[PDB]
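# Remarks on the overall topology
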Amino acid sequence: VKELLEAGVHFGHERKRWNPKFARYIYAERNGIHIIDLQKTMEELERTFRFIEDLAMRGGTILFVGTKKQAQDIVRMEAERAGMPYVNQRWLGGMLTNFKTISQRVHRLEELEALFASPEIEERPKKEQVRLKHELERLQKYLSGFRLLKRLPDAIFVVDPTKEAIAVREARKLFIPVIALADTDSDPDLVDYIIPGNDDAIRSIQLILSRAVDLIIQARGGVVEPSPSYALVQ
Amino acid sequence: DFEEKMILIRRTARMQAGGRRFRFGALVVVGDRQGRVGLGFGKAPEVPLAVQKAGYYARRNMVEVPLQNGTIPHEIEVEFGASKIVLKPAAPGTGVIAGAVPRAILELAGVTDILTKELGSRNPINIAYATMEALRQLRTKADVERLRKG
Amino acid sequence: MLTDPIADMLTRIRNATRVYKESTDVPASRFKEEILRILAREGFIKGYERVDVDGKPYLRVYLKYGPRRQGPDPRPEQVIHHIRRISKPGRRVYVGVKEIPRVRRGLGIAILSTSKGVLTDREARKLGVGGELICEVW
Amino acid sequence: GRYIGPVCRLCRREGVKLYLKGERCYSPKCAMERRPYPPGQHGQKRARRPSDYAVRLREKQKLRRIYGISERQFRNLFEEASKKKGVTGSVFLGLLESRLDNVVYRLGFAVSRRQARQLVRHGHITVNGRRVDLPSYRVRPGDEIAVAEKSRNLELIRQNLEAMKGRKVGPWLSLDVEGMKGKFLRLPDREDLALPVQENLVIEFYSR
RNA sequence: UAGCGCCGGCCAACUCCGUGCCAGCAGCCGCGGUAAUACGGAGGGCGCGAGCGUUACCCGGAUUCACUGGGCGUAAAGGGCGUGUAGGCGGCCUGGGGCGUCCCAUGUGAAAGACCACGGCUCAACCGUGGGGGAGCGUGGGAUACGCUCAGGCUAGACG
RNA sequence: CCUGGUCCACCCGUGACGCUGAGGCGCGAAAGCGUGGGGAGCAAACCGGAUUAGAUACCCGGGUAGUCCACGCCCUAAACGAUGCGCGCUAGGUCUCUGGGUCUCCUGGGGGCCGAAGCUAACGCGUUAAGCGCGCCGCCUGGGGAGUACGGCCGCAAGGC
RNA sequence: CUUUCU
Ligand SMILES: [Mg+2]
Ligand SMILES: [Mg+2]
Ligand SMILES: [Mg+2]
Ligand SMILES: [Mg+2]
Ligand SMILES: [Mg+2]
Ligand SMILES: [Mg+2]
Ligand SMILES: [Mg+2]
Ligand SMILES: [Mg+2]
Ligand SMILES: [Mg+2]
Ligand SMILES: [Mg+2]
Ligand SMILES: [Mg+2]
Ligand SMILES: [Mg+2]
Ligand SMILES: [Mg+2]
Ligand SMILES: [Mg+2]
Ligand SMILES: [Mg+2]
Ligand SMILES: [Mg+2]
Ligand SMILES: [Mg+2]
Ligand SMILES: [Mg+2]
Ligand SMILES: [Mg+2]
Ligand SMILES: [Mg+2]
Ligand SMILES: [Mg+2]
Ligand SMILES: [Mg+2]
Ligand SMILES: [Mg+2]
Ligand SMILES: [Mg+2]
Ligand SMILES: [Zn+2]
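Sequence order as written determines residue numbers, which begin from 1 on each chain and need not coincide with the entry numbering; residues that lack coordinates are not included. Each chain is given a letter, starting from A, and each ligand a number, starting from 1, according to the order in which they appear as written. Only a portion of a larger assembly is displayed here, and every value given applies to that displayed portion alone. Each side-chain value is worked out from all heavy atoms of the structure, with water and hydrogens disregarded.

Determination of this PDB entry was carried out by X-ray crystallography to a resolution of 3.20 Å, according to the record.

We count it as follows: UniProt positions are given in the numbering used here, feature names are shortened, and annotations may be inferred rather than shown by experiment.
Chain B has the name 30S RIBOSOMAL PROTEIN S5 in the PDB entry, where Thermus thermophilus is given as its organism. Here is the UniProt Subunit comment for chain B, exactly as written: "Part of the 30S ribosomal subunit. Contacts proteins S4 and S8 (By similarity)." If you open the UniProt record of chain B and go to Sequence similarities, you find "Belongs to the universal ribosomal protein uS5 family."

Looking at the PDB entry, one finds chain A named 30S RIBOSOMAL PROTEIN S2 and attributed to Thermus thermophilus.

What follows is the structure, given as C-alpha cells:
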C-alpha cells in the first residue's frame, strides 16, 4: 500500500479554470492543463490513509460517496469490498443531515422485500402488486449502498467534492470528517483529508480507492487479496 | 437542568385567494445558568408546536460562555444586520443591565453582572442573534495567550 | 500619494489576514518597522523581515492564525481579530499617561509612540509616559 | 406613616410567608396555611406568566414589606448601599438589619417588627443608655440595646423576654436575657440572613 | 387623621352593572355603533401615602446633529462638469531646533457644594472637623518616537 | 488645415514639484430670449376632419413660432452609474476595444458579464466596489406646507441661485 | 378604433 511513481495515472488534471484555492497542490500547466504535484499527493496520502486505519481498526464506518458517472461503478465495487456503505446514483438531500428520515426509506426497502416472499406475494390487484414492485425498484436504485449505515457515518470518502458538494456540506454541518480524491476544480479547504489528484478518470479513481479499501481490510485482520475492480479499467 | 425562557411569540400571515393564513414563530432561549446558552427560532401551525420546535432548535445551538465571577471577560460589540448589541463587563452587585431580549439570554447564560446596550435596529430576533454572536466571540486571556503562543 | 503609511500598513495586514495570506508586503519605513517589532513581540504576527521588491525596500509580514476549525467554514480563528488606526493625519490623537486606554480589558493592546520610543500601553504605563495613540489591536 | 392595615393579605399576595405578626404566624393561621393565594376576588384564578417587571416589582415589594418600610425610606436606604463599597445586595440588607426597630425585634424584645417599632416609639428602648424612639435609628457595631428600666416591669416586655429564655440569637447579635440587654456585634452578612429574597432582582428593579 | 392616582398594551392591578360611534376616554396605538377588563359606577386589586395627581419647562430615552457615536446606488442626502484661490491633508533617509506632544517639580485652581472619614442635634434632614481628588493656566527642568520647522540626501508619487 | 485629451515602450531627465478644493473663472442637452440670416422636412400654438356622452386628446389634413446659421443671452434636466475626487490594499473566470512582447500566452490602458473574501435592509455591489483604509470637498436630519414666502444676487424676459 | 364610474 503506497507508491510514488503513481505518475502512472492520477497527477495533473482539468484544463484551466481551476479554483485558486487548490493553488498549493498544483505543479504547473502544460499544453493548457495544470499538473497536480504528486510528491504532495503523497504527503496527503499518508496523513489521510493514516486517519483511515485509525477509523478502520476501530470498527468505524465510512460512507463512500460517488455519483460521478466516471466512478459510479468503482464506488460500488470498493464499498462492497468492505462492509462499507455507499451512495452511488443520486445523493438524496439530507441523507446525513436528515438521516432518521431517509432511514425510514431503508426500512421500507426491507419491509417490502418481505411481502415479495411472504404469503401476500400474490394479493391485492396486480396493480398494487406492480406499484410495490416499483416501490422497491427505486428504493433499491438509490439505497443499495446507503443500505448499511445503521447510524450516521464516522467519516465520508467522497469521489469528486465539487460534484458532491452537497454530500460534503451535510457531513460538515455534522462534524463528520470528510475525505476525498479531489483536484484542480475544487475547494481543498472544505476537505479534511485530501487526495489531490485526478478527480476524473477510472484508471485513477480505481487505484486510490481500491488501495484505500485494501488499507481498510489491511487493518481489520482480513488481509484480503487483489481488487475485483481493476477489471473495470479498460 | 436546562431552563427555558420564551422571548417572543408572534403571529404573522401568508395570503391565499380566500383568506389570510397565519403561522406562529417563537424565539426561545435555553440555558443551565452554568455557561451554556441556546437560542432557537421555531415556527409552526400552532403556538405550542412552535415553542417546542424552538426549544429543540435552541438546545441544538449552544454556546460556551466564559463566565468569570458572574461577569464576562471583556467588552464586545456585535452588529447582526441593522441590530448592534453592546456588552460591557461589570463588578458584583451590578446585576444584569439589559433589555428584555439581551437579558433573557445573558441570564440563562449564567451571567450575573453586566452592562448592556442595544444600538441600531431593535428587532428582538436580530438583536437576539447579535447577543448570541457576541457571546460566541468572547475570549479569555487564556485563549488570547494560546492564540499568540508559538 | 500614500496619504497615511501607518494606516496603509495596518490595512494591508488586516486585508491579507482576512483572506489568510501567509506573508504580505508593505513599503518599509523605520517607523513602520518599529511598530511591527511590537506586533511580533506581542505575538500578533509570526514576525517580519526586510526584503527588496522590484528594487525598493519592503517588509514581509509573516501572518499568524488560529488552528483549523470544525464543521462548516474550517477557516482558522484570527489572531488579530482587530486592528485600527486611531491617530490619523488631520486628526492626531495624543494621550497623557493617565489617559492611556486599556484595550479589550487588557486582552488586547494599544501602541503608543512616545519620546521614549514606540512602546505598547503596558510598556508606556510602566515607563510612566504618554504620546500619540497610534492604534489599538486585539 | 408605615403601611398599617390588613397585613396577612401582603403575606398572601407575596406568596411567600412573611412574619409581620410574630405569634400566630406560626400557628396554623398565618393563612398562608390553607390560602397561600393572593387576596381579592381573583385570588384563585390562574396566574399569567409574570413580566420581567412584575418579578422585580414583586421581589422588591416583598423585601420591603418585610421590614415594613415606606418606599421613600427603603429607596434612599438602597441608594445609600449603592454608593457604599461592597456588593450592593448585601450592604443593603445589612442596612435594613441595622434599623433599631429591627434589632429590638431580632432580639426577642418584641414579637414582631411592628411591635418593636412601637416599643422604640414609646421609648421602651435603650441604646448605650440614652433612650432612642426613632425606629429608623441606625444601630451599629458595639451598640448595646437595652430595655427601659421603667419598662422592664411591663408585662409585654416580661412575657417577651420570658419565652426568649432558651431561644438562640443571630450570630451578629448576642443578648443577656437577665438584664434585658443585647449587643450589636457586627453587620449581618447575606449568608447570615435567610430572607426569602433574591436581592439581585431588587438591584435590577432600581436599574430600570 | 388618610388620602390620591391607577388596573387595554407600553405598565403592577379584573370582574358585575349602566351606556349603546351616544355620553365620553385619550400620552401614543387606540376604545365606544347591545357580552366594552379602554366610557360611567360598584366590588375587588395594583402603587404611593400627608400626600397623591396635573400642567409647564430642562436633561434623559434620542448613536434622532452621531467627538465618544451616524449617514448619502434605489429610504432624506453627490454639487451638471471642469480649471483652480484660500484652507485641509503629505513618500523614503539623515542632521539641527524643540512649536505641538509626553514627563517631573512648583505656583494657582478661595469659601461653599461634590467625594471619603469621624463627630454634634435621641436619628436623619441640617451642621462641624479632617482628609483626598481636580481640568486649565504660570515658572523651572527633562524627552524627541510622532506632528511642525529648518537643512541635507533619495527616486518608489508627480512632472518631463 | 488648426487643436485638446490620452495610452504604450524605452527607462533617458527633474527630484515630493503631490492630493482635495469654500470662494473665483470657465464649460454646460433641450426648450426659451435678442439682432440679422435661412427655411426642404418636421412641428407647440393655431385652422380644419374624425372618434366620443363631451374630445379644448389620442387618429387624419393643413400649419406659425421653432427646429437651421451667426453673434449675444439663458444655465436648467431622470445634467443618471439616481454611485464626488485621489492613492494603497483584497480570488478568479469570461467576452470585447486599443498598445507592447520572446504574440496559440504573458503584459499595460479602457469597455461589459459571472463571481472569492467582504459589504448590504433587501435588491444587489464585488480590482470599472457599493469591500478594507487614509486624505480633501459637497450634501442629509419625518411627510405635506414648498423649491413656496421674504430678503439678496443674477437675467432683456422667461426665469435661475 | 375610442370605449367612463362603482
Ligand atoms: Mg448597519
Ligand atoms: Mg399587567
Ligand atoms: Mg355591556
Ligand atoms: Mg444626542
Ligand atoms: Mg461621527
Ligand atoms: Mg440615520
Ligand atoms: Mg433619494
Ligand atoms: Mg456626478
Ligand atoms: Mg511626513
Ligand atoms: Mg516644547
Ligand atoms: Mg451621630
Ligand atoms: Mg492627438
Ligand atoms: Mg532614470
Ligand atoms: Mg541626483
Ligand atoms: Mg436650442
Ligand atoms: Mg432666436
Ligand atoms: Mg405636415
Ligand atoms: Mg398634425
Ligand atoms: Mg445651454
Ligand atoms: Mg480591464
Ligand atoms: Mg459570499
Ligand atoms: Mg457581480
Ligand atoms: Mg412639521
Ligand atoms: Mg432685471
Ligand atoms: Zn401572616
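### Re the overall build of chain B
What counts is decided by this rule: Segments assigned H or I by DSSP are reported as helices when at least four residues long, segments assigned E as strands when at least two residues long, and all are numbered from the N terminus. The classification of residues rests on relative accessible area computed with a 1.4 Å probe and restricted to protein chains. Under 20% of the type maximum is buried, over 50% is exposed, and intermediate values are partly exposed. Two residues qualify as a contact provided that any one of their heavy atoms is within 4.5 Å of a heavy atom in the partner residue. Method for areas: the Shrake-Rupley scheme with a 1.4 Å probe, in which residue coverage is limited to the protein chains shown. Residues scored as positive are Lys and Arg, those scored as negative are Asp and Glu, and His as well as the terminal groups of each chain are ignored. We put the charge of a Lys on NZ, of an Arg on CZ, of an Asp on CG and of a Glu on CD.
In terms of helices and strands, chain B carries four helices and ten strands. When the helices and strands of chain B are placed in sequence order, the string is β-β-β-β-β-α-β-β-β-β-α-β-α-α. Looking at chain B residue by residue over its 150 residues, the buried ones come to 47%. For chain B, the proportion of contacts with a sequence separation of at least 24, taken over those separated by at least 6, is 57%. Carbon together with sulfur atoms contributes 49% to the accessible area of chain B, which is approximately 7600 Å² in total. Looking at charge distribution, chain B has the averaged site of its 24 positive side-chain charges lying 8 Å from that of its 15 negative ones.

### So, the sheet that holds strand β6 (residues 62-64) of chain B
Residue and element names in this part refer to chain B. We apply this condition: By this definition, two strands are paired if DSSP reports at least two bridges between them. Working convention: axes come from line fits to C-alpha atoms, limited for helices to the stretch in contact. Angles between N-to-C directions cover 0 to 180 degrees.
Taken in spatial order, the four strands make up an open sheet running β1-β4-β5-β6, and their pairing is antiparallel. Here the strands that pair on one side only, and so sit at the sheet edges, are β1 (3-10) and β6. Each strand axis lies, on average, 20 degrees off the axis of its neighbour in the sheet, ignoring direction. Looking at chain direction, strand β5 (residues 36-44) and β6 are connected through three bridges and run antiparallel. Bridge pairing in β6 links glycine 38 to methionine 62. The strands that helix α2 (residues 100-108) touches are β1, β4 (24-31) and β5; relative to β1, the one it contacts most, it runs at about 160 degrees. Where helix α3 (residues 124-137) meets the sheet, it contacts β1, β4, β5 and β6, and its direction lies at approximately 150 degrees from that of β5.

### Focus: the nonpolar core
Residue and element names in this part refer to chain D. Rules: To qualify as a nonpolar core, a set must consist of buried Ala, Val, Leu, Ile, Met, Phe, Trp, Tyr and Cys residues joined through side-chain atoms within 4.5 Å. Those domain boundaries reflect an automatic or database domain assignment.
Counting residues in hydrophobic clusters, the biggest one holds 54 residues, and the most contacted among them are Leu63, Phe92, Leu100, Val104, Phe109 and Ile145. If you list the elements that add at least two residues to this core, you get α1 (8-13), α2 (52-66), α3 (71-83), α4 (88-96), α5 (100-106), α6 (113-121), α7 (155-163) and α8 (199-205). At five residues, α4 tops the list of elements feeding residues into this core. Looking at which domains feed residues into this core, each of domain 1 (1-96 + 194-208) and domain 2 (97-193) supplies at least three. Leaving out residues up to four positions away in the same chain, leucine 100 has contacts with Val120, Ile125, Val127, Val132, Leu134, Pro135, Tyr137, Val139 and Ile145.

### What to know about the pattern of salt bridges
So the rule is basically this: What makes a salt bridge here is a side-chain nitrogen of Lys or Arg within 4 Å of a carboxyl oxygen of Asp or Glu, nothing more.
Per the stated rule, a full pass over the model turns up 56 salt bridges over all chains. Residue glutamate 29 of chain A is joined to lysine 16 of chain A by a salt bridge in which the shortest nitrogen-to-oxygen separation is 2.9 Å. Here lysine 16 of chain A lies in the segment before α1 (38-56) and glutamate 29 of chain A lies in the segment before α1, a separation of 13 residues in the sequence. A relative accessible area of 37% means that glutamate 29 of chain A is categorised as partly exposed. Of the charged contacts in the structure, one is a salt bridge between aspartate 192 of chain A and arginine 68 of chain C, with a shortest N-O distance of 3.0 Å. Of this pair, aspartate 192 of chain A sits in the loop between β4 (178-182) and β5 (193-196) while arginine 68 of chain C sits in the loop between β2 (56-62) and β3 (84-85), which puts the two residues in different chains. Linked by salt bridges that have partners in common, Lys5, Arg103 and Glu107 of chain B together with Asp52, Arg56 and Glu204 of chain D make up one network.

### Brief notes about the UniProt feature "domain: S5 DRBM" in chain B
The positions UniProt marks with the feature "domain: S5 DRBM" are residues 2-65 of chain B. Secondary structure across residues 2-65 of chain B divides into 20% helix and 56% strand, with the first and last C-alpha atoms of the span separated by 15 Å.

### A short note on the side chain of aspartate 121 of chain C
Residues and elements named next belong to chain C. One can find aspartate 121 in helix α3 (residues 121-126). According to the relative accessible area criterion, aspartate 121 is buried, its value standing at 5%. Sequence-distant contacts of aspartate 121, that is, excluding residues within four places in its chain, are made with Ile100, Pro101, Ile109, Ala110 and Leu112.

### So, the protein's contact with RNA strand F
Residue and element names in this part refer to chain C. For clarity, the cut-off: In these notes, residues near a molecule or strand are those with any non-hydrogen atom within 4 Å of it. Whenever two N or O atoms come within 3.5 Å, that pair is a polar contact, provided that in protein one can donate a hydrogen and the other can accept it, and provided that, for residues adjacent in sequence, both atoms are side-chain atoms.
RNA strand F sits among 20 residues. The nearest are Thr3, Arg14, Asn15, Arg75 and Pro89. Per the 4 Å cut-off to the protein, sugar and phosphate atoms form 80% of the nearby atoms of RNA strand F. One of the side-chain nitrogen or oxygen atoms of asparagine 15 is found 2.7 Å away from a base oxygen of RNA strand F. Interatomic distance of 2.6 Å between a backbone N/O atom of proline 89 and a phosphate oxygen of RNA strand F.

### Describing the interface of chain D and chain B
The condition is simple: Two parts placed together each lose some accessible area under a 1.4 Å probe, and adding up what both lose gives the buried area. For this classification, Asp, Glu, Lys and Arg are treated as charged, while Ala, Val, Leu, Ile, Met, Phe, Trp, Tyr, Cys and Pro are nonpolar and the rest, including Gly, are polar.
Taken together, the contact between chain D and chain B spans nine residues of the former and twelve residues of the latter. Between chain D and chain B lies a buried interface of about 660 Å² when both sides are counted; carbon and sulfur atoms form 43% of it. Our count for the contact surface shared by chain D and chain B stands at three salt bridges. On inspection of chain D and its partner chain B, the count reaches two residue pairs in polar contact. Elements with a contribution of two residues or more to the side of chain D that touches chain B: α2 and α8 of chain D. Of the residues assigned to the side of chain D that touches chain B, the class counts are two nonpolar, three polar and four charged.

### Focus on the side chain of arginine 103 of chain B
In this structure, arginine 103 of chain B sits in helix α2. Since its relative accessible area comes to 10%, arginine 103 of chain B is described here as buried. At 2.7 Å, the side chain of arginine 103 of chain B forms a polar contact with the backbone oxygen of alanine 98 of chain B. With residues near it in sequence (within four places) discarded, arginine 103 of chain B still touches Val96 and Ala98 of chain B together with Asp52, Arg56 and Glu204 of chain D.

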